[PDB]
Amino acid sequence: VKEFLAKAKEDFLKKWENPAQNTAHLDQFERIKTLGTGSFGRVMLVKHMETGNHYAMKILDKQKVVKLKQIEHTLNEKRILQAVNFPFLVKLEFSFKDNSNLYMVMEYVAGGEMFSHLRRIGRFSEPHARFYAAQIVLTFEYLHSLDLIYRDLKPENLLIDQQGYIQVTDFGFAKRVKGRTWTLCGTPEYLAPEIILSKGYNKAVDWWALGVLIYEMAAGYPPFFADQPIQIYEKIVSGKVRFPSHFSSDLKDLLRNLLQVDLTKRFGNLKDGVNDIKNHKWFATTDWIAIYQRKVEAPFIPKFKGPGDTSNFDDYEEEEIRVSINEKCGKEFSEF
């Protein structure tokens, strides 16, 4: 591990310094269906006409990115995504830009979102939930080692693959930071107290969100929920959490450590770091190596009927792709 990582940082650093650019054209892909929608761009199932392969293309309208002040966050996402490599992170195949939009072509992950499955099913069993949590633990350990903070962990950002494993997507708030950071971003339900409290934070926000995930997976609903964000923020800083009566004893305490308001007592930010998590009673059966190798028995395999099948994804209205005669935000996005 410390060994594995050391080598991993070396590769990430190479890519960090020399990020790839315009590795494709819009015209090489056949637009097929929208798999998801964004606040300034959507995601489409697309087909590379030369290779016959399908991918998921993320399109971002340059002007909307500017109106929403997400330029640097958009630059972070691409730079970071093209440099990373782990079994549980989506692969950025290509990226290019044109007069109107920015494009990120990634590997298509046929299984759908963890969200849809969780919602439909209700709640996952601790064993099923732990299978997932363990993969997020290894991803964070990998991510933080490269000085990155993910910042948007939620069922909506985790995709299931043919093999029943996890694929983390959406690095829109990912940042390589040595030291503290101050942007208020993420999803309300998963916001750590420090963030909502505007005090400046580090990786520990990623360990809080994990606690919120495991809980949402095992209970079927978030530990803090209301109808309007302010009410949510209220519960989060309150430092009070109630556990469903079916949570195991080991789960109740793993969670009490991750959902530690005091980030100087919070698992993942202590002296032992991630080991305090990997070595917790709840994970006693977990064979970390076996998981990293994908040799464990996945409890659930979503089934897709052939390539390009999009049944595990919701139907969206198809807004048409428009591209201006004129370049739109050339200077802002020159490094993209």
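Residue numbers here begin at 1 and follow the sequence given.
- Higher average CA B factor: 232-240, of the stretches 232-240 and 168-176.
- Stretches 116-124 and 223-231 differ in mean CA B factor, with 223-231 having the higher one.
- Going by the entry's values, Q162 shows the largest Cα B-factor out of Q162, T74, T181, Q82.
- Of all the options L68, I59, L45, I289, the entry's greatest CA B-factor is assigned to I289.
- Per the deposited record, the Cα B-factor of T264 falls in the highest third when ranked against the other modelled residues of its chain.
- Sorting the modelled residues of the chain by their CA temperature factor places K78 in the lowest third.
- In the PDB entry, a CA B factor belonging to the middle third of its chain's modelled residues is recorded for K91.
- Among the modelled residues of its chain, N101 has a C-alpha B-factor that falls in the lowest third according to the deposited record.
- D250 sits in the highest third of its chain by CA B factor, as recorded in the PDB entry.
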